[PDB]
Amino acid sequence: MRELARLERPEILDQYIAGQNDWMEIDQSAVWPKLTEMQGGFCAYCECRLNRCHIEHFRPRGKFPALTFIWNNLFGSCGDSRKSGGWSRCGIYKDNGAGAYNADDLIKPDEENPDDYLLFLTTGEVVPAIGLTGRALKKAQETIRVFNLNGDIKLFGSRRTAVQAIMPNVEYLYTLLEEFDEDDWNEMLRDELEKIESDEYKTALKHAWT
Amino acid sequence: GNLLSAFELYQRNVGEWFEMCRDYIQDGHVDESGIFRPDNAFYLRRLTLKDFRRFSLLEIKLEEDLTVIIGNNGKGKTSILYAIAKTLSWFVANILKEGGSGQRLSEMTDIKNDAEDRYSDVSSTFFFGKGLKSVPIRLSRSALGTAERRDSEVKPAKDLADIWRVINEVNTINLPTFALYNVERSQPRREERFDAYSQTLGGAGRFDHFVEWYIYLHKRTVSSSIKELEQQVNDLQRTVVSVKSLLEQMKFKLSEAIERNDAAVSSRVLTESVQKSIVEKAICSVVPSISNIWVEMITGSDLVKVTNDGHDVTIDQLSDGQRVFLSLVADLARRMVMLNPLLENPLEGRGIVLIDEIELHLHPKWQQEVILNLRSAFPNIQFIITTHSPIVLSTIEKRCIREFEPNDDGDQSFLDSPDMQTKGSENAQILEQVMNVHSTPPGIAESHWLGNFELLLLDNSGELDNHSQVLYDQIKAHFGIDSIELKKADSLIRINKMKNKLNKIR
Amino acid sequence: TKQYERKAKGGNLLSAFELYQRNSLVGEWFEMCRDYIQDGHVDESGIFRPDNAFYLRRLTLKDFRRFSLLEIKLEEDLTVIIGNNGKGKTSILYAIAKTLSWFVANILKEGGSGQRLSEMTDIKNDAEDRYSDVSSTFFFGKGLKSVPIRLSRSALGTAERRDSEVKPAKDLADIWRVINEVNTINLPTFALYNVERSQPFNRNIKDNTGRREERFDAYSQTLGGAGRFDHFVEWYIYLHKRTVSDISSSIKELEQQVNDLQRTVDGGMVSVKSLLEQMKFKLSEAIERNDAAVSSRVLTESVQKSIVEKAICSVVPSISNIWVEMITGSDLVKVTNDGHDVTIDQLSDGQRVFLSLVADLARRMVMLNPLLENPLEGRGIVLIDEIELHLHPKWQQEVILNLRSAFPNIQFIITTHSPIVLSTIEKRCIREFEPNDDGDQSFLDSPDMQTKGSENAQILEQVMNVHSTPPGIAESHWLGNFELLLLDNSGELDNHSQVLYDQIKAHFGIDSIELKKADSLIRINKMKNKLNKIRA
Amino acid sequence: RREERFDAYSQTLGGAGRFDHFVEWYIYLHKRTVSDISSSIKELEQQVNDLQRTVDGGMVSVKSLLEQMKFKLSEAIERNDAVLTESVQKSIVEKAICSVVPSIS
Ligand SMILES: Nc1ncnc2c1ncn2[C@@H]1O[C@H](COP(=O)(O)OP(=O)(O)O)[C@@H](O)[C@H]1O
Ligand SMILES: [Zn+2]
């Protein structure tokens, strides 16, 4: 899960007002290009490459009908609500599978840095960060549970495999620390960390590199 | 080129329309690979189930060649095959006899238990060339004690089967093979063409039947005009003590020739020697690690022998898995030879074959081979199969796979293909991505030690503390010095030490 | 004698029993025998553990079928036999089952006979000595460390007969039988579950004669290979009817009827005296049966029902509930399967077969262990062929754990060809069966690799000698070939390597493991080359 | 097994004999006698000789059959050449039956 940089309020959300209008009315293809600009065609929560995807209300439309056409509330989640098939993480699971949760006890990735709360082990389990207590621990614990970031086997497997593929490259970089000078070695690490912005599960790969 | 219209004109009246019907059924071409391809293919295109067993509503599109259905226990994989087999029973019944009745849905078991509307429907659509793009059939049953009974709609199946039956009666044609091989396959007068349809949709593929049949064919084919044969028999009779065995053989040959001569077009068939050869080749082509099969009588009993992995052994030395699979292929080949007398290669005939749990009793080694050659040996058969094996799935293209979601509450409308390509993929990936199973058992504590070890390393700024050392020693003690797990632990230590050193060099 | 007294006081069970038999301090010796069999403790996990465990330690086959000589050491808890050659694995289970038949026969009847070796099928064809031996050694606590039994058979016309040696097994079985006769004790369970257990269900269930309620019905057909799931259903319905009924209401009703009939005979109707005598006999019989039931120290029918239901639901993942419905004047067993209420005949074949195994085993354990708080913590030996039969991978990952949780004191001897099952078992429990071309093998090896907690891909390669990718598919080789091409061209993407890369990408997809590995190879080799240039 | 020597004592005092065992044993003997190539060669040699005599006697219609049998004989000789006790056993029993049972020749 990544720290996101939201900026531009798109034009079409000004036209529709909550209470008067319903969500199903809107042209969703107007919304996507700025979410794609934000997220880089990855999921907000798991960091999969998007292909089956939907617009996700962070605070849901049942509980919070005021937050409906609000740009801060919208995110691009993986999975498709319409399609005749089960999806079991991220947006779809928060609503259906997770059940009871407080929305204040979740990491909103645009507001906060998730890197303070979440740690990705190279075994492909996501855990609370080293040294947390109280509310910060309860956020880290609930975010993992509600988005189902270890329960989804397809996710757990895909992430584990991604990391395991690069652990030859990580071990080999840090050996050549010894012989190389600092400025050239720092360029080597900067190069690797630049590449993985194009890659799937980039936060989990980051923690393997850094 | 509408087949039904041509046939109706034939029935009312005449030679032209007959020829058109016959050509529609018989015409085909040999492709670039040297395989015969019918111009008008016959296969199941779509299946819909309504309030049938666990399904409230389910729709399945099938592949022309191979469809593999996967899912957990109790997802309804067997139910799907049963539904299809009952539908196919109506074709078989009507090919055999005008107005023959196929099988029906059970009023006790086949209606979904909590169906508000107390009846079940199995709707199938078949394809038979561009002339007959849609052959819809529906099997229906109302629950017991319902006032209003729901009628099955089977006339289209009967109409098509009538065309096969009537045209065959006038002039021999090749006929479609329909067979079901369920899990019961594992459990312990002269031959006539339509015996190929006997017990085809339940009771097929039993090893003892094969062995008996095979020995019989061997004895008959151990050692040609009728008038010439009659003359030879007469000459041999006049000579008749040492020639008595030869006379008896020739009398048998004469009787067989007369019988074949007397026998009808509708029962006309390949020689026992040819039949034997085709079945032998089918077995050797399809079955893993069998290169040859033959009958010996030299020890004084009749024994079927096989060359298994280069060693000549008795068929009783085969594993149960290999026996069951050998029986399936042999049975199928036998039926195809009987039903496709006019083809150069009778195994290039048309048909629909259903196989439940294809991996039944097979060791992983043979699971890696079973599907490879099945489609090469039977190129025009539509296979619909069920499996639980990632090893089998590693040999099949994702387009052939239809998966039930693990959380399927039996309301879902479609079965769909997996997102990942399975053919050529690693089994561990198929387990996780397609079959929703962890590559390591989560219920075993030792499966979590490496994860825990990593967390301990990260808690102590990358240095191996007393606690991390204890766990390291446990990993070493349990998995061994050469284990992948220990190597991973070693790697973690090395990387984390180096990261920490860098951090100190601030 | 004084010697027997010393050995008995030293804790020797046979000596104590011999003293009991001769004197029949008779009460003291009986108590000692009974305590040896019945004493146990509840461990830290809350599980009952007998002080004196019973299990098969060793098996030797000499000139038996394909085996000239084979020796197997068995684990006290779980032994799993693996190998391609399935007709030899089955021979091992058969040999054990025949030996166990001798215990069952002698628990049931004094001088009971178990099963013999066949002269036609069990003797190796090219045996020089023209006889076969099956030698087993059992353990029963420190008082009886070795209980040897040998089954033997010679060919016809040999100069010497080879007879079986079965007295030690009979002696032990006699202790169980005799002590149980005086005072109810818990008894060992023996069962064999072959591939035969996969059979279709006869729905139309037979009238309860009342053999199924008898305690030693638990030994009926127990080593036949299928179980008796029909017997379970009968017994389970019987239990239900008794639970819904009151106990001794028939006696109370019969008592009332005998009282009414007695009043009629006292009122001068001498014609009904014959009927009164018949009814008095029926009442006495009912009381005796009740008393015998009371005397047999058996669990209440309600409790028995509960135990079995819990066992089934715990072990069989898809089943959350099982109950008897009284509808259409015919009793049906129903189950909640995957959240839906269905009949047994509506279950999938995989679910039914596994349910049948567990139900059968649980029934027998409840019947044979009436004095235990948890009757499923009784002793016994259970043989299972092809445990993965009809099971999906997810169930394979849980089946051994569930069985061992439900039956913690049973010795399981099982066969499998499932790597997924092996991932849940320690290598010490695994015995590998690689014969020669003649079928013969001398010892069975544990694998070198630890299986418990290992990845299934590793077990396939290291233990079962099967590759992670199917060798008969070209695409299975592309990544290997790609790596070779990279190494041949000093780690630069040449035209050939690029083509193959594109093929991998096109076939497996942009987010495939295979492509990620290829990308990794490119990046590592590029970095190696950069290092080489810096050094030059 | 019916070819095992002590099978001769099987149900021997039961009162009916075992005529089923005879039939099985006799078929066994036959298969073994046919399978040994030298007797088959001798039999084939005899058949070839008989057929050659018929062709020499003016029956030109059986020339095709003679050529086929000569080929079979040559093949049998070519296949690895090695008296069966089984053949003698068979002959003894046949003679006994034919001598004692009047209607059977
Ligand atoms: N009439 C019915 N109503 C509801 N569910 C049923 C009915 N008949 C069978 N089932 C369910 O269907 C499943 C069995 O389907 P089956 O094809 O045997 O599964 P599998 O995929 O394991 O072969 C079970 O879960 C059973 O509960
Ligand atoms: Zn996601």
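The figures here come from the full heavy-atom set of this structure, side chains too, leaving out hydrogens, waters and symmetry mates. Residue numbering restarts at 1 for every chain, and letters A, B, ... go by the order of the sequence lines. As the structure lists them, so they are numbered: ligands from 1, and atoms in each ligand from 1.
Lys334(C) has no carboxylate O lying under 4.0 Å from a charged side-chain N of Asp341(C), or vice versa, which leaves the two without a salt bridge. Electrostatic pairing of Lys77(B) and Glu403(B) does not count as a salt bridge here, judged by no charged N lying under 4.0 Å from a carboxylate O.
The one candidate from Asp51(B), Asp117(B), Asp121(B) that meets the salt bridge (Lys or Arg N to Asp or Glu O under 4.0 Å) condition with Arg150(B) is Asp121(B). When each of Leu58(B), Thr67(B), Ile384(B) is paired with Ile80(B), the side-chain contact (heavy atoms from CB on, under 4.5 Å) condition holds for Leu58(B) and for no other.
Annotation: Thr109(B) places an N or O atom under 3.5 Å from an N or O atom of ligand 1; distance criterion only. An N or O contact shorter than 3.5 Å links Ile111(B) to ligand 1 by distance. Of the polar atoms of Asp110(B), none of the N or O atoms is found under 3.5 Å from an N or O of ligand 1, judged by distance alone.
Not a single donor-acceptor pair under 3.5 Å links the side chain of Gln39(A) to the backbone N or O of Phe75(A). For the pair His54(A) (side chain) and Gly79(A) (backbone), a donor-acceptor distance under 3.5 Å is present.
For ligand 1, the atoms closer than 4.0 angstrom to any heavy atom of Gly76(B) are 15 (O), 16 (P), 17 (O), 19 (O), 20 (P), 21 (O). The distance from ligand 1 to the heavy atoms of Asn337(C) drops below 4.0 Å at these ligand atoms: 24 (C), 25 (O), 26 (C), 27 (O). For ligand 1, the atoms lying closer than 4.0 Å to a non-hydrogen atom of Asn73(B) are 22 (O). Near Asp338(C), with a cut-off below 4.0 Å to any heavy atom, the atoms of ligand 1 are 25 (O).
Residues passing the ring pair (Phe, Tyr, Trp, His ring centres under 6.0 Å) test with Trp323(C), sequence neighbours excluded: none.
Between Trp23(A) and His57(A), the distance from one ring center to the other falls under 6.0 angstrom.
For atom 15 (O) of ligand 1, the nearest non-hydrogen atom of the protein is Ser79(B) OG, 3.4 Å. The single protein non-hydrogen atom nearest to atom 3 (N) of ligand 1 is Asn113(B) N, 3.1 Å, given as residue, atom name and distance. From the protein, the heavy atom lying nearest to atom 4 (C) of ligand 1 is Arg53(B) O, 3.3 Å. Given atom 26 (C) of ligand 1, the protein heavy atom at minimum distance is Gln346(C) O, 3.4 Å. Among all protein heavy atoms, the one lying closest to atom 13 (C) of ligand 1 is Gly74(B) O, 3.5 Å.
Closer than 2.8 Å to the Zn ion (ligand 2) sit the protein N, O or S atoms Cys43(A) SG, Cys46(A) SG, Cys78(A) SG, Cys90(A) SG.
Counting heavy-atom neighbours within 6.0 Å of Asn321(C) CG, excluding the residue itself, gives a total above 12.
For the 3.5 Å distance criterion, the side chains of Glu357(B) and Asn182(B) fail to qualify, holding no donor opposite an acceptor.
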### Query
After noting the C-alpha distance and the side-chain angles of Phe55(B) and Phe52(B), does the key distance pass the ring pair (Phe, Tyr, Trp, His ring centres under 6.0 Å) rule?
CA-CA 5 Å; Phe55(B) 302 114; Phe52(B) 176 74; 7.2 Å; no
